[PDB]
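Structure data follow from target-v2.txt (compact mmCIF, C-alpha atoms):
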# COMPACT_ATOMS: atom_id res chain seq x y z
CA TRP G 1 -7.28 -8.37 3.47
CA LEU G 2 -9.69 -6.63 3.84
CA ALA G 3 -9.25 -3.68 6.17
CA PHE G 4 -5.94 -1.90 5.66
CA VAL G 5 -2.88 -1.71 3.35
CA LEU G 6 -2.17 -4.68 2.88
CA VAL G 7 -4.27 -6.86 5.20
CA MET O 1 -6.39 -12.01 -1.61
CA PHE O 2 -3.77 -9.26 -2.07
CA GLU O 3 -1.30 -12.07 -2.94
CA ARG O 4 -3.20 -12.35 -6.22
CA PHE O 5 -2.74 -8.64 -7.10
CA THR O 6 -0.05 -7.79 -9.66
CA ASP O 7 2.89 -5.63 -8.55
CA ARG O 8 1.34 -2.59 -10.17
CA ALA O 9 -2.12 -3.27 -8.68
CA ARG O 10 -0.52 -3.48 -5.20
CA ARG O 11 1.31 -0.19 -5.92
CA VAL O 12 -2.10 1.39 -6.76
CA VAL O 13 -3.55 0.37 -3.38
CA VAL O 14 -0.42 1.53 -1.50
CA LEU O 15 -0.57 4.85 -3.38
CA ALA O 16 -4.34 5.21 -2.65
CA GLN O 17 -3.54 5.29 1.08
CA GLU O 18 -1.07 8.13 0.55
CA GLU O 19 -3.55 9.99 -1.69
CA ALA O 20 -5.87 9.93 1.35
CA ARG O 21 -3.10 10.83 3.82
CA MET O 22 -1.91 13.85 1.83
CA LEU O 23 -5.51 15.22 1.60
CA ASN O 24 -5.78 14.87 5.43
CA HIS O 25 -8.34 12.08 5.02
CA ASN O 26 -8.94 9.31 7.52
CA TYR O 27 -10.38 6.58 5.30
CA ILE O 28 -9.30 5.16 1.95
CA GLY O 29 -12.37 5.63 -0.22
CA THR O 30 -13.20 4.72 -3.76
CA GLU O 31 -12.01 8.17 -4.87
CA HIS O 32 -8.53 7.45 -3.50
CA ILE O 33 -8.44 4.21 -5.46
CA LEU O 34 -9.39 6.30 -8.56
CA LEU O 35 -6.60 8.84 -7.78
CA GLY O 36 -4.14 5.96 -7.30
CA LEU O 37 -5.05 4.27 -10.58
CA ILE O 38 -4.36 7.52 -12.49
CA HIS O 39 -1.34 8.69 -10.50
CA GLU O 40 0.45 5.37 -10.85
CA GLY O 41 0.32 6.09 -14.61
CA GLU O 42 1.43 2.94 -16.50
CA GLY O 43 -1.21 0.16 -16.44
CA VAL O 44 -4.32 -0.49 -18.47
CA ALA O 45 -6.46 1.38 -15.91
CA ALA O 46 -4.39 4.61 -16.26
CA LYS O 47 -4.39 4.26 -20.06
CA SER O 48 -8.18 3.73 -20.15
CA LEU O 49 -8.82 6.81 -17.99
CA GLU O 50 -6.40 8.99 -19.94
CA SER O 51 -7.98 7.77 -23.18
CA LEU O 52 -11.39 9.02 -21.96
CA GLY O 53 -10.07 12.48 -20.96
CA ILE O 54 -10.19 11.75 -17.20
CA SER O 55 -7.18 13.55 -15.73
CA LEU O 56 -5.65 13.55 -12.31
CA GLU O 57 -6.43 17.31 -12.04
CA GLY O 58 -10.11 16.80 -12.94
CA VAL O 59 -10.47 14.12 -10.30
CA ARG O 60 -8.59 16.19 -7.67
CA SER O 61 -10.88 19.16 -8.30
CA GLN O 62 -14.01 17.05 -7.86
CA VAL O 63 -12.70 15.39 -4.68
CA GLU O 64 -12.04 18.87 -3.16
CA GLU O 65 -15.54 19.97 -4.15
CA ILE O 66 -17.34 16.81 -2.89
CA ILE O 67 -15.25 15.76 0.15
CA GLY O 68 -12.76 18.46 1.13
CA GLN O 69 -9.60 18.05 3.25
CA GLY O 70 -9.27 17.56 6.97
CA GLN O 71 -7.14 19.66 9.21
CA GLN O 72 -4.20 17.30 9.79
CA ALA O 73 -2.55 14.39 7.95
CA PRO O 74 -2.91 11.14 9.98
CA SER O 75 -0.08 8.76 10.84
CA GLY O 76 -0.42 4.98 10.69
CA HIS O 77 -2.89 2.75 8.89
CA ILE O 78 -5.88 4.36 7.18
CA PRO O 79 -8.86 1.94 6.87
CA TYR O 80 -10.81 1.22 3.68
CA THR O 81 -14.35 2.57 3.54
CA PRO O 82 -17.22 0.04 3.09
CA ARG O 83 -17.44 0.98 -0.62
CA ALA O 84 -13.67 0.71 -1.16
CA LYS O 85 -13.82 -2.80 0.40
CA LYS O 86 -16.58 -3.75 -2.06
CA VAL O 87 -14.51 -2.42 -5.03
CA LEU O 88 -11.52 -4.58 -4.01
CA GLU O 89 -13.79 -7.63 -3.53
CA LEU O 90 -15.41 -7.11 -6.93
CA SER O 91 -11.98 -6.77 -8.63
CA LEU O 92 -11.36 -10.47 -7.98
CA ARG O 93 -14.41 -11.45 -10.02
CA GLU O 94 -13.73 -8.99 -12.85
CA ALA O 95 -10.25 -10.61 -13.29
CA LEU O 96 -11.57 -14.21 -13.23
CA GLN O 97 -14.30 -13.45 -15.75
CA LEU O 98 -11.81 -11.84 -18.16
CA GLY O 99 -9.59 -14.94 -17.97
CA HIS O 100 -6.94 -13.59 -15.60
CA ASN O 101 -5.47 -15.43 -12.61
CA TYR O 102 -3.94 -12.19 -11.28
CA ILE O 103 -5.73 -8.91 -10.37
CA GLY O 104 -4.31 -6.11 -12.51
CA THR O 105 -4.95 -2.34 -12.45
CA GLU O 106 -7.72 -2.73 -15.07
CA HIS O 107 -9.60 -5.16 -12.74
CA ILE O 108 -9.49 -2.60 -9.92
CA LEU O 109 -10.93 0.01 -12.32
CA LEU O 110 -13.58 -2.51 -13.42
CA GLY O 111 -14.41 -3.22 -9.74
CA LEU O 112 -14.79 0.48 -9.15
CA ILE O 113 -17.30 0.94 -11.93
CA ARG O 114 -19.10 -2.35 -11.00
CA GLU O 115 -19.66 -0.99 -7.46
CA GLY O 116 -20.91 2.11 -9.31
CA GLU O 117 -22.24 4.23 -6.42
CA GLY O 118 -19.45 5.72 -4.30
CA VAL O 119 -17.49 8.96 -4.60
CA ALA O 120 -15.29 7.71 -7.49
CA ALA O 121 -18.37 6.79 -9.56
CA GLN O 122 -19.91 10.19 -8.81
CA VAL O 123 -16.69 11.91 -9.91
CA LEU O 124 -16.45 9.88 -13.17
CA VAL O 125 -20.00 10.72 -14.13
CA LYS O 126 -19.54 14.40 -13.29
CA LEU O 127 -16.41 14.47 -15.50
CA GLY O 128 -18.48 12.99 -18.44
CA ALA O 129 -17.35 9.37 -18.19
CA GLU O 130 -20.50 7.27 -17.97
CA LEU O 131 -19.88 3.84 -16.27
CA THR O 132 -20.75 1.74 -19.34
CA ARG O 133 -18.47 3.92 -21.53
CA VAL O 134 -15.58 3.31 -19.13
CA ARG O 135 -16.13 -0.46 -19.10
CA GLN O 136 -16.36 -0.61 -22.88
CA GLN O 137 -13.15 1.44 -23.24
CA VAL O 138 -11.30 -1.06 -20.97
CA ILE O 139 -12.61 -3.91 -23.14
CA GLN O 140 -11.58 -2.03 -26.32
CA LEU O 141 -8.01 -1.53 -25.08
CA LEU O 142 -7.70 -5.14 -23.82
CA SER O 143 -8.92 -6.35 -27.24
CA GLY O 144 -6.07 -4.40 -28.87
CA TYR O 145 -3.57 -6.31 -26.72
CA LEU O 146 -4.78 -9.61 -28.25
CA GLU O 147 -3.20 -8.58 -31.63

Turn this file's structure into structure tokens for me.
Amino acid sequence: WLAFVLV
Amino acid sequence: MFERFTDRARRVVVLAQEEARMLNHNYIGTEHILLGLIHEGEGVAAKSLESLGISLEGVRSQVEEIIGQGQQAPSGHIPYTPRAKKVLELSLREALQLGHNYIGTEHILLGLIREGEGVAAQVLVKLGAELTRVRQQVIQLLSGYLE
């Protein structure tokens, strides 16, 4: 969260 | 906040990345979230789209016409676009307002139409699915589940 899968 | 997504909603986001990768795209945009919601095929978002005549093929055709593919499929992590970030942020509030403590597929679809401006919204409108009509269809289906 919130830039890539799953961050 | 992804800890609050349901299993299926997480699968939609994971699948959106691969929708982008397989089209030789280098960002995960709102249109890949739309492809993922349909292609996953089981949740309230997929049912709502199918029930409005929005098919995976219709969306694919519009994405090729609007965006087009790159030359090679990237490896590694593909970043969300600014508009895809806003859709995922908005999904949190759609869920809370509808009385849900978890973010389900339908809340991602509701986030997408709330954002209302990116490639997915353009595709939906072009395919004859006005944003308000989509929201009301989600509400209609969720109301049926209260029976």

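Of the listed residues (O:81, O:137, O:26, O:101), O:81 comes nearest to chain G; the distances count all atoms listed in the file.
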
*Leaving out residue 2 of chain G and any residue of its chain fewer than 2 positions from it, which residues lie within 10 Å of it when counting only C-alpha atoms, given as a VMD selection string?*
(chain G and resid 4 to 7) or (chain O and resid 1 to 2 79 to 80 84 to 86 88 to 89)

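Note that atom CA of residue 91 of chain O and atom CA of residue 115 of chain O are 9.7 Å apart.
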
*Find the residues near residue 113 of chain O: any atom within 8 Å, counting all atoms listed in the file, skip ones fewer than 2 places away on the same chain, and give them as JSON, numbers by chain.*
{"O": [109, 110, 111, 115, 116, 121, 131, 134, 135]}

*Mind checking which residues fall within 10 Å of residue 7 of chain O, counting all atoms listed in the file, ignoring those fewer than 6 positions away in the same chain, and posting them as an NGL selection string?*
:O and (102-105)

Where's the centre, and what are the edge lengths in Å to one decimal, of a box along x, y and z enclosing all listed atoms of segment 54-63 of chain O padded 3 Å per side, as AutoDock Vina command-line options?
--center_x -9.8 --center_y 15.5 --center_z -10.9 --size_x 14.4 --size_y 13.4 --size_z 18.5

Can you put N, CA and C atoms back into segment 53-85 of chain O and show it as a PDB file, in the coordinates of the input?
ATOM      1  N   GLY O  53     -10.173  11.065 -21.358  1.00  0.00           N
ATOM      2  CA  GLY O  53     -10.070  12.480 -20.960  1.00  0.00           C
ATOM      3  C   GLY O  53     -10.296  12.708 -19.468  1.00  0.00           C
ATOM      4  N   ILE O  54     -10.091  11.652 -18.669  1.00  0.00           N
ATOM      5  CA  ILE O  54     -10.190  11.750 -17.200  1.00  0.00           C
ATOM      6  C   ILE O  54      -8.800  12.008 -16.628  1.00  0.00           C
ATOM      7  N   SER O  55      -8.548  13.231 -16.168  1.00  0.00           N
ATOM      8  CA  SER O  55      -7.180  13.550 -15.730  1.00  0.00           C
ATOM      9  C   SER O  55      -7.094  13.622 -14.228  1.00  0.00           C
ATOM     10  N   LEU O  56      -5.874  13.513 -13.741  1.00  0.00           N
ATOM     11  CA  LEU O  56      -5.650  13.550 -12.310  1.00  0.00           C
ATOM     12  C   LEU O  56      -6.168  14.892 -11.760  1.00  0.00           C
ATOM     13  N   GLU O  57      -5.988  15.975 -12.528  1.00  0.00           N
ATOM     14  CA  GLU O  57      -6.430  17.310 -12.040  1.00  0.00           C
ATOM     15  C   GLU O  57      -7.967  17.384 -11.959  1.00  0.00           C
ATOM     16  N   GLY O  58      -8.649  16.803 -12.952  1.00  0.00           N
ATOM     17  CA  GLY O  58     -10.110  16.800 -12.940  1.00  0.00           C
ATOM     18  C   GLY O  58     -10.640  16.062 -11.728  1.00  0.00           C
ATOM     19  N   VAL O  59     -10.038  14.910 -11.429  1.00  0.00           N
ATOM     20  CA  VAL O  59     -10.470  14.120 -10.300  1.00  0.00           C
ATOM     21  C   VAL O  59     -10.162  14.881  -8.992  1.00  0.00           C
ATOM     22  N   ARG O  60      -8.973  15.470  -8.878  1.00  0.00           N
ATOM     23  CA  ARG O  60      -8.590  16.190  -7.670  1.00  0.00           C
ATOM     24  C   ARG O  60      -9.588  17.315  -7.400  1.00  0.00           C
ATOM     25  N   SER O  61      -9.946  18.045  -8.458  1.00  0.00           N
ATOM     26  CA  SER O  61     -10.880  19.160  -8.300  1.00  0.00           C
ATOM     27  C   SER O  61     -12.227  18.686  -7.782  1.00  0.00           C
ATOM     28  N   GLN O  62     -12.727  17.594  -8.346  1.00  0.00           N
ATOM     29  CA  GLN O  62     -14.010  17.050  -7.860  1.00  0.00           C
ATOM     30  C   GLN O  62     -13.951  16.515  -6.437  1.00  0.00           C
ATOM     31  N   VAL O  63     -12.860  15.846  -6.070  1.00  0.00           N
ATOM     32  CA  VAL O  63     -12.700  15.390  -4.680  1.00  0.00           C
ATOM     33  C   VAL O  63     -12.697  16.595  -3.695  1.00  0.00           C
ATOM     34  N   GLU O  64     -12.026  17.696  -4.045  1.00  0.00           N
ATOM     35  CA  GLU O  64     -12.040  18.870  -3.160  1.00  0.00           C
ATOM     36  C   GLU O  64     -13.459  19.456  -3.049  1.00  0.00           C
ATOM     37  N   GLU O  65     -14.196  19.452  -4.159  1.00  0.00           N
ATOM     38  CA  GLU O  65     -15.540  19.970  -4.150  1.00  0.00           C
ATOM     39  C   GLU O  65     -16.531  19.080  -3.381  1.00  0.00           C
ATOM     40  N   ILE O  66     -16.383  17.758  -3.494  1.00  0.00           N
ATOM     41  CA  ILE O  66     -17.340  16.810  -2.890  1.00  0.00           C
ATOM     42  C   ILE O  66     -17.004  16.480  -1.432  1.00  0.00           C
ATOM     43  N   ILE O  67     -15.713  16.283  -1.156  1.00  0.00           N
ATOM     44  CA  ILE O  67     -15.250  15.760   0.150  1.00  0.00           C
ATOM     45  C   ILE O  67     -14.556  16.846   0.976  1.00  0.00           C
ATOM     46  N   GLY O  68     -13.596  17.527   0.373  1.00  0.00           N
ATOM     47  CA  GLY O  68     -12.760  18.460   1.130  1.00  0.00           C
ATOM     48  C   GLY O  68     -11.728  17.797   2.064  1.00  0.00           C
ATOM     49  N   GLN O  69     -10.715  18.558   2.426  1.00  0.00           N
ATOM     50  CA  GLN O  69      -9.600  18.050   3.250  1.00  0.00           C
ATOM     51  C   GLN O  69      -9.872  18.221   4.743  1.00  0.00           C
ATOM     52  N   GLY O  70      -9.229  17.398   5.552  1.00  0.00           N
ATOM     53  CA  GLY O  70      -9.270  17.560   6.970  1.00  0.00           C
ATOM     54  C   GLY O  70      -8.217  18.566   7.381  1.00  0.00           C
ATOM     55  N   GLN O  71      -8.087  18.708   8.686  1.00  0.00           N
ATOM     56  CA  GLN O  71      -7.140  19.660   9.210  1.00  0.00           C
ATOM     57  C   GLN O  71      -5.714  19.150   9.395  1.00  0.00           C
ATOM     58  N   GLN O  72      -5.542  17.867   9.678  1.00  0.00           N
ATOM     59  CA  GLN O  72      -4.200  17.300   9.790  1.00  0.00           C
ATOM     60  C   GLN O  72      -4.069  15.933   9.138  1.00  0.00           C
ATOM     61  N   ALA O  73      -2.865  15.648   8.629  1.00  0.00           N
ATOM     62  CA  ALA O  73      -2.550  14.390   7.950  1.00  0.00           C
ATOM     63  C   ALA O  73      -2.318  13.342   9.042  1.00  0.00           C
ATOM     64  N   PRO O  74      -3.052  12.208   8.989  1.00  0.00           N
ATOM     65  CA  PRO O  74      -2.910  11.140   9.980  1.00  0.00           C
ATOM     66  C   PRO O  74      -1.653  10.310   9.808  1.00  0.00           C
ATOM     67  N   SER O  75      -1.194   9.708  10.910  1.00  0.00           N
ATOM     68  CA  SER O  75      -0.080   8.760  10.840  1.00  0.00           C
ATOM     69  C   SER O  75      -0.683   7.361  10.912  1.00  0.00           C
ATOM     70  N   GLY O  76       0.089   6.364  10.564  1.00  0.00           N
ATOM     71  CA  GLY O  76      -0.420   4.980  10.690  1.00  0.00           C
ATOM     72  C   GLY O  76      -1.453   4.542   9.674  1.00  0.00           C
ATOM     73  N   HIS O  77      -2.097   3.390   9.923  1.00  0.00           N
ATOM     74  CA  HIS O  77      -2.890   2.750   8.890  1.00  0.00           C
ATOM     75  C   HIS O  77      -4.263   3.377   8.728  1.00  0.00           C
ATOM     76  N   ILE O  78      -4.609   3.727   7.493  1.00  0.00           N
ATOM     77  CA  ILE O  78      -5.880   4.360   7.180  1.00  0.00           C
ATOM     78  C   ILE O  78      -6.809   3.238   6.658  1.00  0.00           C
ATOM     79  N   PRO O  79      -8.004   3.071   7.253  1.00  0.00           N
ATOM     80  CA  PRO O  79      -8.860   1.940   6.870  1.00  0.00           C
ATOM     81  C   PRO O  79      -9.623   2.182   5.573  1.00  0.00           C
ATOM     82  N   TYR O  80      -9.886   1.088   4.829  1.00  0.00           N
ATOM     83  CA  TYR O  80     -10.810   1.220   3.680  1.00  0.00           C
ATOM     84  C   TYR O  80     -12.225   1.561   4.131  1.00  0.00           C
ATOM     85  N   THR O  81     -12.912   2.397   3.330  1.00  0.00           N
ATOM     86  CA  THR O  81     -14.350   2.570   3.540  1.00  0.00           C
ATOM     87  C   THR O  81     -15.114   1.306   3.119  1.00  0.00           C
ATOM     88  N   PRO O  82     -16.391   1.167   3.556  1.00  0.00           N
ATOM     89  CA  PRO O  82     -17.220   0.040   3.090  1.00  0.00           C
ATOM     90  C   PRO O  82     -17.220  -0.072   1.548  1.00  0.00           C
ATOM     91  N   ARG O  83     -17.379   1.054   0.856  1.00  0.00           N
ATOM     92  CA  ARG O  83     -17.440   0.980  -0.620  1.00  0.00           C
ATOM     93  C   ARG O  83     -16.088   0.622  -1.223  1.00  0.00           C
ATOM     94  N   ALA O  84     -14.981   1.103  -0.642  1.00  0.00           N
ATOM     95  CA  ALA O  84     -13.670   0.710  -1.160  1.00  0.00           C
ATOM     96  C   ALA O  84     -13.437  -0.797  -0.960  1.00  0.00           C
ATOM     97  N   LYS O  85     -13.905  -1.341   0.189  1.00  0.00           N
ATOM     98  CA  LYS O  85     -13.820  -2.800   0.400  1.00  0.00           C
ATOM     99  C   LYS O  85     -14.555  -3.544  -0.730  1.00  0.00           C
TER     100      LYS O  85
END
